[PDB]
Amino acid sequence: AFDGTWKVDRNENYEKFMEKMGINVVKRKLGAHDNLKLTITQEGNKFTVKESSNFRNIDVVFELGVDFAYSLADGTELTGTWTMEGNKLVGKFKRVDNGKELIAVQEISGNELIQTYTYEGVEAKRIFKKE
Ligand SMILES: CCCCCCCC/C=C\CCCCCCCC(=O)O
C-alpha cells in the first residue's frame, strides 16, 4: 500500500495549478521546490500522514469516509473526505472561501506514488519516490 516514507521527485503542470489557486509568482517557485516528504502510516480505517516540507511540519490525520478540515501551506482552507476506491485514495474537497471543488487522487505506479489534483479545469501531478 501507501505505507512508508515518500519524497517528492518531480511535478507536472504544478505552477499553472498554483496560479489558478491564486498563489503569487514568487511563492509558486518556492512551492515547486518544497522538498515535500510524506510519512504515511495506517491504523485500520485511519491514516496518519506526517507532512514535512520547507514550509512546515504537521500531522494530517483522517478516517476514510469522514470529513475533516485541511489547510494548505498558504493558509487556504479545505474540507472534504478521502475514500478508498479500488486501490486508489480519492479525495473530494471544497475550498471553504469560494466553495469550489478540488479533487485529488493518490495511486501507486510501480514503486512511485502519484498524486493528481484537479481544480477549475486544470490538472497537476506530483510524483514521489520511496525513500
Ligand atoms: C505557497 C505554497 C502553496 C501551496 C499550494 C498547494 C496546492 C494544493 C495541493 C493539494 C491539496 C491536497 C488535499 C489533501 C489533504 C491531505 C491528504 C494527503 O495529502 O494525503
# chains A, B, ... in the order shown; residues from 1 in each chain; ligands from 1
>>> select_by_dssp(residues="chain A", states="strand (DSSP E)", output="PyMOL selection string")
chain A and resi 4-12+37-43+46-52+57-63+68-71+77-85+88-95+101-109+112-119+122-130
>>> select_by_dssp(residues="chain A", states="helix (DSSP H, G or I)", output="VMD selection string")
chain A and resid 14 to 21 25 to 32
>>> residues_near_ligand(ligand="ligand 1", cutoff="9 Å", atoms="only C-alpha atoms and all ligand atoms", output="PDB file with N, CA, C and O atoms, in the first residue's frame")
ATOM      1  N   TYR A  14       2.432  21.878 -12.209  1.00  0.00           N
ATOM      2  CA  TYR A  14       2.155  22.363 -10.880  1.00  0.00           C
ATOM      3  C   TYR A  14       2.127  23.876 -10.744  1.00  0.00           C
ATOM      4  O   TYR A  14       1.281  24.431 -10.004  1.00  0.00           O
ATOM      5  N   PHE A  17      -1.173  25.140 -11.830  1.00  0.00           N
ATOM      6  CA  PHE A  17      -2.227  24.770 -10.894  1.00  0.00           C
ATOM      7  C   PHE A  17      -2.183  25.760  -9.727  1.00  0.00           C
ATOM      8  O   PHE A  17      -3.224  26.299  -9.327  1.00  0.00           O
ATOM      9  N   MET A  18      -0.970  26.082  -9.253  1.00  0.00           N
ATOM     10  CA  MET A  18      -0.825  27.071  -8.193  1.00  0.00           C
ATOM     11  C   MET A  18      -1.295  28.448  -8.574  1.00  0.00           C
ATOM     12  O   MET A  18      -1.925  29.148  -7.796  1.00  0.00           O
ATOM     13  N   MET A  21      -5.037  28.620  -8.331  1.00  0.00           N
ATOM     14  CA  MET A  21      -5.362  28.657  -6.932  1.00  0.00           C
ATOM     15  C   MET A  21      -5.193  30.060  -6.374  1.00  0.00           C
ATOM     16  O   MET A  21      -5.805  30.374  -5.361  1.00  0.00           O
ATOM     17  N   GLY A  22      -4.451  30.901  -7.094  1.00  0.00           N
ATOM     18  CA  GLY A  22      -4.208  32.296  -6.776  1.00  0.00           C
ATOM     19  C   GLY A  22      -2.882  32.581  -6.078  1.00  0.00           C
ATOM     20  O   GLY A  22      -2.690  33.652  -5.488  1.00  0.00           O
ATOM     21  N   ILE A  23      -1.941  31.653  -6.146  1.00  0.00           N
ATOM     22  CA  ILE A  23      -0.653  31.835  -5.479  1.00  0.00           C
ATOM     23  C   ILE A  23       0.221  32.727  -6.294  1.00  0.00           C
ATOM     24  O   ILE A  23       0.262  32.572  -7.494  1.00  0.00           O
ATOM     25  N   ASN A  24       0.912  33.663  -5.658  1.00  0.00           N
ATOM     26  CA  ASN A  24       1.709  34.627  -6.399  1.00  0.00           C
ATOM     27  C   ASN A  24       2.915  34.001  -7.043  1.00  0.00           C
ATOM     28  O   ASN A  24       3.362  32.933  -6.603  1.00  0.00           O
ATOM     29  N   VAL A  26       6.272  34.445  -7.030  1.00  0.00           N
ATOM     30  CA  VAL A  26       7.411  34.018  -6.252  1.00  0.00           C
ATOM     31  C   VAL A  26       7.117  32.784  -5.417  1.00  0.00           C
ATOM     32  O   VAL A  26       7.929  31.840  -5.301  1.00  0.00           O
ATOM     33  N   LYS A  27       5.902  32.773  -4.848  1.00  0.00           N
ATOM     34  CA  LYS A  27       5.502  31.656  -3.982  1.00  0.00           C
ATOM     35  C   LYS A  27       5.381  30.336  -4.760  1.00  0.00           C
ATOM     36  O   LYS A  27       5.598  29.249  -4.172  1.00  0.00           O
ATOM     37  N   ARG A  28       5.024  30.468  -6.054  1.00  0.00           N
ATOM     38  CA  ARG A  28       4.911  29.262  -6.892  1.00  0.00           C
ATOM     39  C   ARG A  28       6.294  28.625  -7.058  1.00  0.00           C
ATOM     40  O   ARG A  28       6.413  27.379  -7.049  1.00  0.00           O
ATOM     41  N   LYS A  29       7.312  29.505  -7.217  1.00  0.00           N
ATOM     42  CA  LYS A  29       8.661  28.966  -7.349  1.00  0.00           C
ATOM     43  C   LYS A  29       9.049  28.198  -6.097  1.00  0.00           C
ATOM     44  O   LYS A  29       9.653  27.104  -6.112  1.00  0.00           O
ATOM     45  N   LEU A  30       8.696  28.795  -4.955  1.00  0.00           N
ATOM     46  CA  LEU A  30       9.000  28.114  -3.710  1.00  0.00           C
ATOM     47  C   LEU A  30       8.226  26.803  -3.560  1.00  0.00           C
ATOM     48  O   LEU A  30       8.716  25.777  -3.044  1.00  0.00           O
ATOM     49  N   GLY A  31       6.970  26.872  -3.968  1.00  0.00           N
ATOM     50  CA  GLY A  31       6.113  25.704  -3.851  1.00  0.00           C
ATOM     51  C   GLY A  31       6.566  24.512  -4.653  1.00  0.00           C
ATOM     52  O   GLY A  31       6.434  23.343  -4.233  1.00  0.00           O
ATOM     53  N   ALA A  32       7.123  24.856  -5.798  1.00  0.00           N
ATOM     54  CA  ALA A  32       7.541  23.816  -6.704  1.00  0.00           C
ATOM     55  C   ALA A  32       8.799  23.157  -6.246  1.00  0.00           C
ATOM     56  O   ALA A  32       9.089  22.043  -6.678  1.00  0.00           O
ATOM     57  N   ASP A  34       9.516  22.566  -2.786  1.00  0.00           N
ATOM     58  CA  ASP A  34       9.161  22.465  -1.388  1.00  0.00           C
ATOM     59  C   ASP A  34       9.782  21.364  -0.574  1.00  0.00           C
ATOM     60  O   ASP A  34       9.607  21.348   0.629  1.00  0.00           O
ATOM     61  N   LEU A  38       6.479  12.798   2.785  1.00  0.00           N
ATOM     62  CA  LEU A  38       5.301  12.325   3.484  1.00  0.00           C
ATOM     63  C   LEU A  38       5.658  10.999   4.141  1.00  0.00           C
ATOM     64  O   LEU A  38       6.293  10.124   3.476  1.00  0.00           O
ATOM     65  N   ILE A  40       3.618   8.006   5.745  1.00  0.00           N
ATOM     66  CA  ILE A  40       2.274   7.501   5.788  1.00  0.00           C
ATOM     67  C   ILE A  40       2.176   6.240   6.596  1.00  0.00           C
ATOM     68  O   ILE A  40       2.852   5.262   6.352  1.00  0.00           O
ATOM     69  N   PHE A  47      -5.683   7.047   8.774  1.00  0.00           N
ATOM     70  CA  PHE A  47      -4.341   7.294   8.283  1.00  0.00           C
ATOM     71  C   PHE A  47      -3.694   8.423   9.043  1.00  0.00           C
ATOM     72  O   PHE A  47      -4.366   9.424   9.315  1.00  0.00           O
ATOM     73  N   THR A  48      -2.391   8.292   9.284  1.00  0.00           N
ATOM     74  CA  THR A  48      -1.698   9.401   9.875  1.00  0.00           C
ATOM     75  C   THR A  48      -0.617   9.751   8.877  1.00  0.00           C
ATOM     76  O   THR A  48       0.211   8.898   8.536  1.00  0.00           O
ATOM     77  N   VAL A  49      -0.595  10.990   8.430  1.00  0.00           N
ATOM     78  CA  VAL A  49       0.418  11.397   7.497  1.00  0.00           C
ATOM     79  C   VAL A  49       1.278  12.504   8.095  1.00  0.00           C
ATOM     80  O   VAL A  49       0.771  13.595   8.401  1.00  0.00           O
ATOM     81  N   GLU A  51       3.481  15.352   7.307  1.00  0.00           N
ATOM     82  CA  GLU A  51       3.835  16.122   6.156  1.00  0.00           C
ATOM     83  C   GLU A  51       5.021  17.005   6.515  1.00  0.00           C
ATOM     84  O   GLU A  51       4.972  17.762   7.481  1.00  0.00           O
ATOM     85  N   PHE A  55       8.026  24.538   4.127  1.00  0.00           N
ATOM     86  CA  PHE A  55       7.036  25.421   4.740  1.00  0.00           C
ATOM     87  C   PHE A  55       6.628  25.099   6.158  1.00  0.00           C
ATOM     88  O   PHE A  55       6.474  26.030   6.955  1.00  0.00           O
ATOM     89  N   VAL A  60      -1.267  15.062   9.618  1.00  0.00           N
ATOM     90  CA  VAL A  60      -2.542  15.121   8.968  1.00  0.00           C
ATOM     91  C   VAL A  60      -3.181  13.792   9.345  1.00  0.00           C
ATOM     92  O   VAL A  60      -2.641  12.736   9.024  1.00  0.00           O
ATOM     93  N   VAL A  61      -4.317  13.815  10.052  1.00  0.00           N
ATOM     94  CA  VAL A  61      -4.915  12.549  10.473  1.00  0.00           C
ATOM     95  C   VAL A  61      -6.329  12.486   9.960  1.00  0.00           C
ATOM     96  O   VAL A  61      -7.016  13.487  10.105  1.00  0.00           O
ATOM     97  N   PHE A  62      -6.762  11.408   9.317  1.00  0.00           N
ATOM     98  CA  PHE A  62      -8.125  11.340   8.818  1.00  0.00           C
ATOM     99  C   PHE A  62      -8.606   9.883   8.863  1.00  0.00           C
ATOM    100  O   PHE A  62      -7.807   8.937   8.941  1.00  0.00           O
ATOM    101  N   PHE A  68     -13.082  16.118   7.175  1.00  0.00           N
ATOM    102  CA  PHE A  68     -12.100  16.721   8.051  1.00  0.00           C
ATOM    103  C   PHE A  68     -11.624  17.973   7.412  1.00  0.00           C
ATOM    104  O   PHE A  68     -11.984  18.268   6.265  1.00  0.00           O
ATOM    105  N   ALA A  69     -10.911  18.760   8.163  1.00  0.00           N
ATOM    106  CA  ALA A  69     -10.515  20.021   7.550  1.00  0.00           C
ATOM    107  C   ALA A  69      -9.028  20.011   7.319  1.00  0.00           C
ATOM    108  O   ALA A  69      -8.258  19.382   8.064  1.00  0.00           O
ATOM    109  N   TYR A  70      -8.592  20.684   6.258  1.00  0.00           N
ATOM    110  CA  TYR A  70      -7.188  20.680   5.963  1.00  0.00           C
ATOM    111  C   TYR A  70      -6.832  22.048   5.427  1.00  0.00           C
ATOM    112  O   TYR A  70      -7.516  22.564   4.555  1.00  0.00           O
ATOM    113  N   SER A  71      -5.714  22.552   5.916  1.00  0.00           N
ATOM    114  CA  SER A  71      -5.165  23.796   5.475  1.00  0.00           C
ATOM    115  C   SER A  71      -3.929  23.642   4.591  1.00  0.00           C
ATOM    116  O   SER A  71      -2.957  22.918   4.899  1.00  0.00           O
ATOM    117  N   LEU A  72      -3.986  24.380   3.482  1.00  0.00           N
ATOM    118  CA  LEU A  72      -2.889  24.469   2.518  1.00  0.00           C
ATOM    119  C   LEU A  72      -1.773  25.315   3.149  1.00  0.00           C
ATOM    120  O   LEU A  72      -1.985  26.116   4.064  1.00  0.00           O
ATOM    121  N   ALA A  73      -0.544  25.191   2.661  1.00  0.00           N
ATOM    122  CA  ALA A  73       0.550  25.908   3.265  1.00  0.00           C
ATOM    123  C   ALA A  73       0.336  27.405   3.158  1.00  0.00           C
ATOM    124  O   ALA A  73       0.818  28.209   3.953  1.00  0.00           O
ATOM    125  N   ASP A  74      -0.447  27.795   2.168  1.00  0.00           N
ATOM    126  CA  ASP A  74      -0.621  29.231   2.109  1.00  0.00           C
ATOM    127  C   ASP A  74      -1.717  29.781   2.977  1.00  0.00           C
ATOM    128  O   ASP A  74      -2.009  30.962   2.913  1.00  0.00           O
ATOM    129  N   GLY A  75      -2.339  28.931   3.781  1.00  0.00           N
ATOM    130  CA  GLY A  75      -3.413  29.376   4.636  1.00  0.00           C
ATOM    131  C   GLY A  75      -4.799  29.019   4.098  1.00  0.00           C
ATOM    132  O   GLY A  75      -5.768  29.116   4.815  1.00  0.00           O
ATOM    133  N   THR A  76      -4.951  28.571   2.854  1.00  0.00           N
ATOM    134  CA  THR A  76      -6.218  28.203   2.252  1.00  0.00           C
ATOM    135  C   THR A  76      -6.789  26.975   2.908  1.00  0.00           C
ATOM    136  O   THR A  76      -6.154  25.930   3.053  1.00  0.00           O
ATOM    137  N   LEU A  78      -9.525  23.907   3.334  1.00  0.00           N
ATOM    138  CA  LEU A  78     -10.392  22.994   2.607  1.00  0.00           C
ATOM    139  C   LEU A  78     -11.101  22.070   3.599  1.00  0.00           C
ATOM    140  O   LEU A  78     -10.612  21.742   4.694  1.00  0.00           O
ATOM    141  N   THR A  79     -12.234  21.530   3.151  1.00  0.00           N
ATOM    142  CA  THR A  79     -12.870  20.475   3.931  1.00  0.00           C
ATOM    143  C   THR A  79     -13.262  19.358   2.949  1.00  0.00           C
ATOM    144  O   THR A  79     -13.615  19.604   1.778  1.00  0.00           O
ATOM    145  N   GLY A  80     -13.187  18.106   3.352  1.00  0.00           N
ATOM    146  CA  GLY A  80     -13.617  17.103   2.406  1.00  0.00           C
ATOM    147  C   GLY A  80     -13.315  15.757   3.004  1.00  0.00           C
ATOM    148  O   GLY A  80     -13.026  15.643   4.195  1.00  0.00           O
ATOM    149  N   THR A  81     -13.367  14.710   2.171  1.00  0.00           N
ATOM    150  CA  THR A  81     -13.081  13.330   2.608  1.00  0.00           C
ATOM    151  C   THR A  81     -12.185  12.596   1.637  1.00  0.00           C
ATOM    152  O   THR A  81     -12.048  12.905   0.447  1.00  0.00           O
ATOM    153  N   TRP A  82     -11.577  11.593   2.209  1.00  0.00           N
ATOM    154  CA  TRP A  82     -10.805  10.705   1.397  1.00  0.00           C
ATOM    155  C   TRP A  82     -11.580   9.379   1.515  1.00  0.00           C
ATOM    156  O   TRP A  82     -12.048   8.965   2.600  1.00  0.00           O
ATOM    157  N   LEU A  89      -6.682   6.245  -3.427  1.00  0.00           N
ATOM    158  CA  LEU A  89      -7.340   7.109  -2.472  1.00  0.00           C
ATOM    159  C   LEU A  89      -7.929   8.251  -3.292  1.00  0.00           C
ATOM    160  O   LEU A  89      -7.163   8.864  -4.053  1.00  0.00           O
ATOM    161  N   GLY A  91      -9.848  11.844  -3.095  1.00  0.00           N
ATOM    162  CA  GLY A  91     -10.167  12.862  -2.134  1.00  0.00           C
ATOM    163  C   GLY A  91     -11.081  13.898  -2.733  1.00  0.00           C
ATOM    164  O   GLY A  91     -10.749  14.465  -3.791  1.00  0.00           O
ATOM    165  N   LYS A  92     -12.242  14.156  -2.132  1.00  0.00           N
ATOM    166  CA  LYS A  92     -13.144  15.176  -2.685  1.00  0.00           C
ATOM    167  C   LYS A  92     -13.202  16.309  -1.660  1.00  0.00           C
ATOM    168  O   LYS A  92     -13.692  16.075  -0.549  1.00  0.00           O
ATOM    169  N   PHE A  93     -12.648  17.459  -2.031  1.00  0.00           N
ATOM    170  CA  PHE A  93     -12.549  18.608  -1.156  1.00  0.00           C
ATOM    171  C   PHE A  93     -13.238  19.820  -1.720  1.00  0.00           C
ATOM    172  O   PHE A  93     -13.631  19.853  -2.868  1.00  0.00           O
ATOM    173  N   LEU A 102     -12.151  20.706  -5.347  1.00  0.00           N
ATOM    174  CA  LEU A 102     -10.765  20.359  -5.565  1.00  0.00           C
ATOM    175  C   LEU A 102     -10.691  18.857  -5.369  1.00  0.00           C
ATOM    176  O   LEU A 102     -11.020  18.362  -4.304  1.00  0.00           O
ATOM    177  N   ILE A 103     -10.340  18.118  -6.434  1.00  0.00           N
ATOM    178  CA  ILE A 103     -10.252  16.672  -6.397  1.00  0.00           C
ATOM    179  C   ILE A 103      -8.810  16.216  -6.337  1.00  0.00           C
ATOM    180  O   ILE A 103      -7.932  16.815  -6.908  1.00  0.00           O
ATOM    181  N   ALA A 104      -8.538  15.152  -5.613  1.00  0.00           N
ATOM    182  CA  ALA A 104      -7.173  14.658  -5.558  1.00  0.00           C
ATOM    183  C   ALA A 104      -7.267  13.146  -5.609  1.00  0.00           C
ATOM    184  O   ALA A 104      -8.181  12.532  -5.066  1.00  0.00           O
ATOM    185  N   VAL A 105      -6.343  12.518  -6.318  1.00  0.00           N
ATOM    186  CA  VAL A 105      -6.331  11.074  -6.385  1.00  0.00           C
ATOM    187  C   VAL A 105      -4.897  10.674  -6.052  1.00  0.00           C
ATOM    188  O   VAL A 105      -3.944  11.365  -6.456  1.00  0.00           O
ATOM    189  N   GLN A 106      -4.745   9.590  -5.315  1.00  0.00           N
ATOM    190  CA  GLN A 106      -3.425   9.145  -4.981  1.00  0.00           C
ATOM    191  C   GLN A 106      -3.368   7.689  -5.440  1.00  0.00           C
ATOM    192  O   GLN A 106      -4.272   6.909  -5.126  1.00  0.00           O
ATOM    193  N   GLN A 115       0.245  11.665  -7.094  1.00  0.00           N
ATOM    194  CA  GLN A 115      -0.916  12.422  -6.688  1.00  0.00           C
ATOM    195  C   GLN A 115      -1.336  13.272  -7.842  1.00  0.00           C
ATOM    196  O   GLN A 115      -0.577  14.023  -8.420  1.00  0.00           O
ATOM    197  N   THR A 116      -2.612  13.297  -8.106  1.00  0.00           N
ATOM    198  CA  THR A 116      -3.049  14.154  -9.219  1.00  0.00           C
ATOM    199  C   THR A 116      -4.126  15.035  -8.581  1.00  0.00           C
ATOM    200  O   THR A 116      -4.939  14.573  -7.764  1.00  0.00           O
ATOM    201  N   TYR A 117      -4.108  16.292  -8.946  1.00  0.00           N
ATOM    202  CA  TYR A 117      -5.078  17.270  -8.453  1.00  0.00           C
ATOM    203  C   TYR A 117      -5.797  17.896  -9.637  1.00  0.00           C
ATOM    204  O   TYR A 117      -5.197  18.106 -10.702  1.00  0.00           O
ATOM    205  N   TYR A 119      -8.450  21.250 -10.315  1.00  0.00           N
ATOM    206  CA  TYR A 119      -9.082  22.450  -9.836  1.00  0.00           C
ATOM    207  C   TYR A 119      -9.412  23.364 -11.010  1.00  0.00           C
ATOM    208  O   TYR A 119      -8.592  23.809 -11.783  1.00  0.00           O
TER     209      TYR A 119
END
>>> atom_distance(atom1="atom CA of residue 131 of chain A", atom2="atom CA of residue 87 of chain A")
21.1 Å
>>> atom_distance(atom1="atom CA of residue 84 of chain A", atom2="atom CA of residue 109 of chain A")
16.0 Å
>>> closest_residue(among="A:77, A:112, A:15, A:3", to="residue 129 of chain A", atoms="only C-alpha atoms")
A:112
>>> closest_residue(among="A:25, A:2, A:107, A:56", to="residue 42 of chain A", atoms="only C-alpha atoms")
A:2
>>> atom_distance(atom1="atom CA of residue 7 of chain A", atom2="atom CA of residue 127 of chain A")
8.4 Å
>>> closest_residue(among="A:118, A:95, A:130, A:66", to="residue 45 of chain A", atoms="only C-alpha atoms")
A:66
>>> decode(residues="segment 22-46 of chain A", atoms="N, CA, C and O atoms", output="short mmCIF file (atom, residue, chain, number, x, y, z; two decimals), in the first residue's frame")
data_model
loop_
_atom_site.label_atom_id
_atom_site.label_comp_id
_atom_site.auth_asym_id
_atom_site.auth_seq_id
_atom_site.Cartn_x
_atom_site.Cartn_y
_atom_site.Cartn_z
N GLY A 22 -4.45 30.90 -7.09
CA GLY A 22 -4.21 32.30 -6.78
C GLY A 22 -2.88 32.58 -6.08
O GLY A 22 -2.69 33.65 -5.49
N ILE A 23 -1.94 31.65 -6.15
CA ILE A 23 -0.65 31.84 -5.48
C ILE A 23 0.22 32.73 -6.29
O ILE A 23 0.26 32.57 -7.49
N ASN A 24 0.91 33.66 -5.66
CA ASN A 24 1.71 34.63 -6.40
C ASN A 24 2.92 34.00 -7.04
O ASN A 24 3.36 32.93 -6.60
N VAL A 25 3.46 34.66 -8.06
CA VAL A 25 4.61 34.15 -8.78
C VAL A 25 5.79 33.63 -7.96
O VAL A 25 6.33 32.52 -8.12
N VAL A 26 6.27 34.45 -7.03
CA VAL A 26 7.41 34.02 -6.25
C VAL A 26 7.12 32.78 -5.42
O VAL A 26 7.93 31.84 -5.30
N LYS A 27 5.90 32.77 -4.85
CA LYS A 27 5.50 31.66 -3.98
C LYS A 27 5.38 30.34 -4.76
O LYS A 27 5.60 29.25 -4.17
N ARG A 28 5.02 30.47 -6.05
CA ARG A 28 4.91 29.26 -6.89
C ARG A 28 6.29 28.62 -7.06
O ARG A 28 6.41 27.38 -7.05
N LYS A 29 7.31 29.51 -7.22
CA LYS A 29 8.66 28.97 -7.35
C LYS A 29 9.05 28.20 -6.10
O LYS A 29 9.65 27.10 -6.11
N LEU A 30 8.70 28.80 -4.96
CA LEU A 30 9.00 28.11 -3.71
C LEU A 30 8.23 26.80 -3.56
O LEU A 30 8.72 25.78 -3.04
N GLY A 31 6.97 26.87 -3.97
CA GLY A 31 6.11 25.70 -3.85
C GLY A 31 6.57 24.51 -4.65
O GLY A 31 6.43 23.34 -4.23
N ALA A 32 7.12 24.86 -5.80
CA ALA A 32 7.54 23.82 -6.70
C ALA A 32 8.80 23.16 -6.25
O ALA A 32 9.09 22.04 -6.68
N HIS A 33 9.49 23.80 -5.31
CA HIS A 33 10.71 23.22 -4.77
C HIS A 33 10.60 23.19 -3.24
O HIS A 33 11.45 23.73 -2.50
N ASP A 34 9.52 22.57 -2.79
CA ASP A 34 9.16 22.46 -1.39
C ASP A 34 9.78 21.36 -0.57
O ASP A 34 9.61 21.35 0.63
N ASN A 35 10.50 20.45 -1.22
CA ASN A 35 11.18 19.36 -0.53
C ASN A 35 10.20 18.49 0.22
O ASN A 35 10.56 17.84 1.17
N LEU A 36 8.96 18.44 -0.20
CA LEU A 36 7.95 17.66 0.50
C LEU A 36 8.26 16.19 0.65
O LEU A 36 8.58 15.46 -0.28
N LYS A 37 8.09 15.74 1.86
CA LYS A 37 8.29 14.37 2.25
C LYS A 37 7.05 13.97 3.05
O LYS A 37 6.55 14.75 3.86
N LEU A 38 6.48 12.80 2.79
CA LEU A 38 5.30 12.33 3.48
C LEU A 38 5.66 11.00 4.14
O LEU A 38 6.29 10.12 3.48
N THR A 39 5.23 10.83 5.40
CA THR A 39 5.42 9.57 6.08
C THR A 39 3.99 9.10 6.36
O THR A 39 3.23 9.77 7.03
N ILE A 40 3.62 8.01 5.74
CA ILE A 40 2.27 7.50 5.79
C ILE A 40 2.18 6.24 6.60
O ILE A 40 2.85 5.26 6.35
N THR A 41 1.28 6.22 7.58
CA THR A 41 1.07 5.01 8.37
C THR A 41 -0.45 4.86 8.45
O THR A 41 -1.18 5.84 8.46
N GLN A 42 -0.94 3.63 8.50
CA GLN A 42 -2.36 3.39 8.54
C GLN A 42 -2.65 2.58 9.78
O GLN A 42 -1.84 1.73 10.17
N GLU A 43 -3.82 2.81 10.36
CA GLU A 43 -4.20 2.01 11.52
C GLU A 43 -5.69 1.86 11.31
O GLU A 43 -6.46 2.76 11.57
N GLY A 44 -6.00 0.74 10.70
CA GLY A 44 -7.35 0.40 10.37
C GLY A 44 -7.88 1.31 9.30
O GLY A 44 -7.37 1.33 8.20
N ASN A 45 -8.94 2.03 9.70
CA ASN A 45 -9.60 2.92 8.79
C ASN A 45 -8.99 4.30 8.84
O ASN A 45 -9.45 5.21 8.15
N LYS A 46 -7.94 4.44 9.63
CA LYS A 46 -7.43 5.80 9.80
C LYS A 46 -5.97 5.92 9.38
O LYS A 46 -5.16 5.04 9.66
#
